[PDB]
$ cat target-v7.csv   # CSV, N, CA and C atoms
chain,number,residue,atom,x,y,z
A,1,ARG,N,109.4,28.1,42.6
A,1,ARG,CA,109.9,29.0,43.6
A,1,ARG,C,110.4,28.3,44.9
A,2,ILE,N,111.6,27.8,44.8
A,2,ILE,CA,112.2,27.0,45.9
A,2,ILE,C,111.1,26.1,46.5
A,3,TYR,N,110.7,25.1,45.7
A,3,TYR,CA,109.7,24.2,46.1
A,3,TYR,C,110.3,22.9,46.7
A,4,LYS,N,111.6,22.7,46.3
A,4,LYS,CA,112.3,21.5,46.8
A,4,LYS,C,113.3,22.0,47.9
A,5,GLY,N,112.7,22.6,48.9
A,5,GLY,CA,113.5,23.1,50.1
A,5,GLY,C,113.5,22.0,51.2
A,6,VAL,N,113.4,20.8,50.8
A,6,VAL,CA,113.4,19.7,51.8
A,6,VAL,C,114.7,18.9,51.7
A,7,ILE,N,115.2,18.7,50.5
A,7,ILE,CA,116.4,18.0,50.3
A,7,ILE,C,117.6,19.0,50.4
A,8,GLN,N,117.3,20.3,50.1
A,8,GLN,CA,118.3,21.3,50.1
A,8,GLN,C,118.5,21.8,51.6
A,9,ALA,N,117.4,21.9,52.3
A,9,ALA,CA,117.5,22.3,53.7
A,9,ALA,C,118.3,21.3,54.5
A,10,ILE,N,117.9,20.0,54.4
A,10,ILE,CA,118.6,18.9,55.1
A,10,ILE,C,120.1,18.9,54.7
A,11,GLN,N,120.3,19.5,53.5
A,11,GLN,CA,121.7,19.5,52.9
A,11,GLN,C,122.5,20.6,53.6
A,12,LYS,N,121.9,21.8,53.6
A,12,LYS,CA,122.6,22.9,54.2
A,12,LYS,C,123.1,22.5,55.6
A,13,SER,N,122.1,22.2,56.4
A,13,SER,CA,122.5,21.8,57.8
A,13,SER,C,123.5,20.7,57.8
A,14,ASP,N,123.6,20.0,56.7
A,14,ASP,CA,124.6,18.9,56.5
A,14,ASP,C,125.9,19.5,56.0
A,15,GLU,N,125.8,20.6,55.3
A,15,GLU,CA,127.0,21.3,54.8
A,15,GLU,C,127.5,22.3,55.8
A,16,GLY,N,126.7,23.3,56.1
A,16,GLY,CA,127.0,24.3,57.1
A,16,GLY,C,127.9,23.7,58.2
A,17,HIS,N,127.2,22.9,59.0
A,17,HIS,CA,127.9,22.3,60.1
A,17,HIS,C,127.0,21.2,60.7
A,18,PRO,N,127.6,20.2,61.4
A,18,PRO,CA,126.9,19.1,62.0
A,18,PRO,C,126.1,19.6,63.3
A,19,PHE,N,126.7,20.5,64.0
A,19,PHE,CA,126.1,21.1,65.2
A,19,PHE,C,124.7,21.5,64.9
A,20,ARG,N,124.4,21.8,63.7
A,20,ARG,CA,123.1,22.3,63.3
A,20,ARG,C,122.1,21.2,63.6
A,21,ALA,N,122.5,20.0,63.6
A,21,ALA,CA,121.6,18.9,63.9
A,21,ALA,C,120.8,19.2,65.2
A,22,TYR,N,121.5,19.2,66.3
A,22,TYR,CA,120.9,19.5,67.6
A,22,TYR,C,120.0,20.7,67.5
A,23,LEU,N,120.3,21.6,66.5
A,23,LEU,CA,119.5,22.8,66.3
A,23,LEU,C,118.2,22.4,65.5
A,24,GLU,N,118.4,21.8,64.3
A,24,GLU,CA,117.3,21.4,63.5
A,24,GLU,C,116.4,20.4,64.2
A,25,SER,N,117.0,19.7,65.2
A,25,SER,CA,116.2,18.8,66.0
A,25,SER,C,115.0,19.5,66.6
A,26,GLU,N,115.3,20.5,67.4
A,26,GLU,CA,114.2,21.3,68.0
A,26,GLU,C,113.2,21.8,67.0
A,27,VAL,N,113.7,21.9,65.8
A,27,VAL,CA,112.9,22.4,64.7
A,27,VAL,C,112.0,21.3,64.1
A,28,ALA,N,112.6,20.1,64.1
A,28,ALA,CA,111.9,18.9,63.6
A,28,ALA,C,111.0,18.4,64.7
A,29,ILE,N,111.4,18.7,65.9
A,29,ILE,CA,110.6,18.3,67.1
A,29,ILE,C,109.3,19.0,67.1
A,30,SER,N,109.4,20.3,66.7
A,30,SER,CA,108.2,21.1,66.7
A,30,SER,C,107.2,20.7,65.6
A,31,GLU,N,107.8,20.2,64.5
A,31,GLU,CA,107.0,19.7,63.4
A,31,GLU,C,105.9,18.8,63.9
A,32,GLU,N,106.2,18.1,65.0
A,32,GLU,CA,105.2,17.2,65.6
A,32,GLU,C,104.1,17.9,66.3
A,33,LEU,N,104.4,19.1,66.9
A,33,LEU,CA,103.4,19.9,67.6
A,33,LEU,C,102.3,20.2,66.6
A,34,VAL,N,102.7,20.5,65.4
A,34,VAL,CA,101.7,20.8,64.3
A,34,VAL,C,100.8,19.6,64.1
A,35,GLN,N,101.3,18.5,64.5
A,35,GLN,CA,100.6,17.2,64.3
A,35,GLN,C,99.6,17.0,65.5
A,36,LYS,N,100.1,17.5,66.7
A,36,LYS,CA,99.3,17.4,67.9
A,36,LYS,C,98.0,18.3,67.8
A,37,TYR,N,98.1,19.3,67.0
A,37,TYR,CA,97.0,20.3,66.8
A,37,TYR,C,95.8,19.5,66.4
A,38,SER,N,96.0,18.5,65.6
A,38,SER,CA,94.9,17.7,65.1
A,38,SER,C,94.1,17.0,66.3
A,39,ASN,N,94.9,16.5,67.2
A,39,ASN,CA,94.4,15.8,68.4
A,39,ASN,C,94.0,16.8,69.4
A,40,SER,N,94.7,18.0,69.3
A,40,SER,CA,94.5,19.1,70.3
A,40,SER,C,93.2,19.8,69.9
A,41,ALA,N,93.0,19.9,68.6
A,41,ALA,CA,91.8,20.6,68.0
A,41,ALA,C,90.6,20.1,68.8
A,42,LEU,N,90.7,19.0,69.4
A,42,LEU,CA,89.5,18.4,70.1
A,42,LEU,C,88.9,19.5,70.9
A,43,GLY,N,89.7,20.5,71.3
A,43,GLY,CA,89.2,21.6,72.1
A,43,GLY,C,90.0,22.9,71.8
A,44,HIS,N,90.0,23.3,70.6
A,44,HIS,CA,90.8,24.5,70.2
A,44,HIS,C,92.1,24.5,71.0
A,45,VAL,N,92.7,23.3,71.2
A,45,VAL,CA,93.9,23.2,71.9
A,45,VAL,C,95.1,23.5,71.0
A,46,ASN,N,94.9,23.2,69.7
A,46,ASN,CA,95.9,23.3,68.7
A,46,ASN,C,96.4,24.8,68.7
A,47,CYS,N,95.5,25.7,68.9
A,47,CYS,CA,95.8,27.1,68.9
A,47,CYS,C,96.5,27.4,70.2
A,48,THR,N,96.3,26.5,71.2
A,48,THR,CA,97.0,26.6,72.5
A,48,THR,C,98.4,26.1,72.4
A,49,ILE,N,98.5,25.0,71.7
A,49,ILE,CA,99.8,24.3,71.6
A,49,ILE,C,100.7,25.0,70.5
A,50,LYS,N,100.0,25.3,69.3
A,50,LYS,CA,100.6,25.9,68.2
A,50,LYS,C,101.2,27.3,68.7
A,51,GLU,N,100.4,28.0,69.5
A,51,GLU,CA,100.9,29.3,70.0
A,51,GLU,C,102.1,29.1,70.9
A,52,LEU,N,102.3,27.9,71.3
A,52,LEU,CA,103.4,27.5,72.2
A,52,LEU,C,104.6,27.1,71.4
A,53,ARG,N,104.3,26.3,70.4
A,53,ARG,CA,105.3,25.7,69.5
A,53,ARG,C,105.7,26.8,68.4
A,54,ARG,N,104.7,27.0,67.5
A,54,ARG,CA,104.9,28.0,66.5
A,54,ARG,C,104.9,29.4,67.0
A,55,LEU,N,103.8,29.7,67.7
A,55,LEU,CA,103.6,31.0,68.3
A,55,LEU,C,103.0,32.0,67.3
A,56,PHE,N,102.4,31.3,66.3
A,56,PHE,CA,101.7,32.1,65.2
A,56,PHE,C,100.7,31.2,64.5
A,57,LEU,N,101.1,30.0,64.2
A,57,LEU,CA,100.2,29.1,63.6
A,57,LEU,C,98.8,29.2,64.2
A,58,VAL,N,98.7,29.2,65.5
A,58,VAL,CA,97.5,29.3,66.2
A,58,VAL,C,96.4,28.5,65.5
A,59,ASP,N,96.5,27.2,65.6
A,59,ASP,CA,95.6,26.3,65.0
A,59,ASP,C,96.0,26.1,63.5
A,60,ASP,N,96.0,27.3,62.8
A,60,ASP,CA,96.4,27.2,61.4
A,60,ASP,C,96.8,28.6,61.0

$ encode --input "target-v7.csv" --output "structure tokens"
Amino acid sequence: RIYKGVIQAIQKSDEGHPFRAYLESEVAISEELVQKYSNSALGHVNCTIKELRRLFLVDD
């Protein structure tokens, strides 16, 4: 069920338009926030950052 949505996604943005980059950037930049949750978890901060980045993840 659309499990390979990594090579296709990067493709679309590559097909649709280049301007998408600057867009996907903010999306890929957020992917890091999810990584900060691990270091933020130190004090349930992940839910604080996630809620800021994702706005739903809230830790997980």

$ closest_residue --input "target-v7.csv" --among "A:57, A:23, A:49, A:2" --to "residue 37 of chain A" --atoms "only C-alpha atoms"
A:49

$ closest_residue --input "target-v7.csv" --among "A:27, A:4, A:33, A:18" --to "residue 52 of chain A" --atoms "only C-alpha atoms"
A:33

$ atom_distance --input "target-v7.csv" --atom1 "atom C of residue 22 of chain A" --atom2 "atom C of residue 53 of chain A"
15.6 Å

$ residues_around --input "target-v7.csv" --residues "residue 36 of chain A" --least-positions-apart "6" --cutoff "8 Å" --atoms "only N, CA and C atoms" --output "number ranges by chain"
A: 30, 42, 45-47, 49-50

$ atom_distance --input "target-v7.csv" --atom1 "atom N of residue 34 of chain A" --atom2 "atom N of residue 6 of chain A"
18.1 Å

$ atom_distance --input "target-v7.csv" --atom1 "atom C of residue 40 of chain A" --atom2 "atom CA of residue 24 of chain A"
25.0 Å

$ select_by_dssp --input "target-v7.csv" --residues "chain A" --states "alpha helix (DSSP H)" --output "ChimeraX atom specification"
/A:9-16,20-40,46-53

$ decode --input "target-v7.csv" --residues "chain A" --atoms "C-alpha atoms" --output "mmCIF file, in the first residue's frame"
data_model
loop_
_atom_site.group_PDB
_atom_site.id
_atom_site.type_symbol
_atom_site.label_atom_id
_atom_site.label_comp_id
_atom_site.auth_asym_id
_atom_site.auth_seq_id
_atom_site.Cartn_x
_atom_site.Cartn_y
_atom_site.Cartn_z
ATOM 1 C CA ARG A 1 0.000 0.000 0.000
ATOM 2 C CA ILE A 2 2.165 2.799 -1.340
ATOM 3 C CA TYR A 3 5.118 1.719 0.768
ATOM 4 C CA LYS A 4 7.697 3.175 -1.588
ATOM 5 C CA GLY A 5 6.554 6.757 -1.150
ATOM 6 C CA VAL A 6 10.109 7.980 -0.715
ATOM 7 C CA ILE A 7 11.446 7.679 -4.243
ATOM 8 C CA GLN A 8 8.086 8.657 -5.686
ATOM 9 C CA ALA A 9 7.602 11.657 -3.429
ATOM 10 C CA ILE A 10 11.049 13.027 -4.178
ATOM 11 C CA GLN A 11 10.098 12.403 -7.787
ATOM 12 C CA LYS A 12 6.809 14.275 -7.809
ATOM 13 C CA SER A 13 8.427 17.357 -6.321
ATOM 14 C CA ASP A 14 10.997 16.790 -9.041
ATOM 15 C CA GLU A 15 8.304 16.443 -11.678
ATOM 16 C CA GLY A 16 5.600 18.838 -10.550
ATOM 17 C CA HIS A 17 7.993 21.755 -10.254
ATOM 18 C CA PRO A 18 11.394 22.760 -8.859
ATOM 19 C CA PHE A 19 9.903 25.507 -6.723
ATOM 20 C CA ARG A 20 8.578 22.619 -4.669
ATOM 21 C CA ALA A 21 12.077 22.237 -3.275
ATOM 22 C CA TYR A 22 11.915 25.340 -1.113
ATOM 23 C CA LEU A 23 8.590 23.867 -0.060
ATOM 24 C CA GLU A 24 9.721 20.323 0.641
ATOM 25 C CA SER A 25 12.669 21.900 2.413
ATOM 26 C CA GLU A 26 10.509 23.157 5.255
ATOM 27 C CA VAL A 27 9.013 19.681 5.237
ATOM 28 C CA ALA A 28 12.379 17.952 5.359
ATOM 29 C CA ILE A 29 13.543 20.513 7.893
ATOM 30 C CA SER A 30 10.726 19.435 10.179
ATOM 31 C CA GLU A 31 11.796 15.818 9.859
ATOM 32 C CA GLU A 32 14.638 16.871 12.127
ATOM 33 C CA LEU A 33 12.284 18.143 14.806
ATOM 34 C CA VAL A 34 11.018 14.592 15.138
ATOM 35 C CA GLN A 35 14.643 13.763 15.851
ATOM 36 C CA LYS A 36 14.941 16.475 18.473
ATOM 37 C CA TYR A 37 12.080 14.828 20.323
ATOM 38 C CA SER A 38 14.540 12.155 21.386
ATOM 39 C CA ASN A 39 16.808 14.741 22.965
ATOM 40 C CA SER A 40 13.807 16.816 23.969
ATOM 41 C CA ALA A 41 12.131 13.824 25.571
ATOM 42 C CA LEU A 42 14.621 14.566 28.325
ATOM 43 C CA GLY A 43 11.702 16.513 29.746
ATOM 44 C CA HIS A 44 8.576 15.744 27.753
ATOM 45 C CA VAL A 45 9.883 18.488 25.497
ATOM 46 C CA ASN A 46 9.323 16.362 22.417
ATOM 47 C CA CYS A 47 5.605 16.880 22.899
ATOM 48 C CA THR A 48 6.461 20.552 23.238
ATOM 49 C CA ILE A 49 8.516 20.700 20.063
ATOM 50 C CA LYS A 50 6.480 18.157 18.136
ATOM 51 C CA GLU A 51 3.376 20.172 18.929
ATOM 52 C CA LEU A 52 5.270 23.071 17.402
ATOM 53 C CA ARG A 53 6.629 21.209 14.400
ATOM 54 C CA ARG A 54 4.039 18.537 13.706
ATOM 55 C CA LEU A 55 1.311 19.993 15.888
ATOM 56 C CA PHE A 56 -0.047 16.504 16.451
ATOM 57 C CA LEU A 57 2.811 14.067 16.925
ATOM 58 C CA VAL A 58 2.974 15.339 20.486
ATOM 59 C CA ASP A 59 5.932 13.182 21.448
ATOM 60 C CA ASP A 60 4.509 10.365 19.357
#
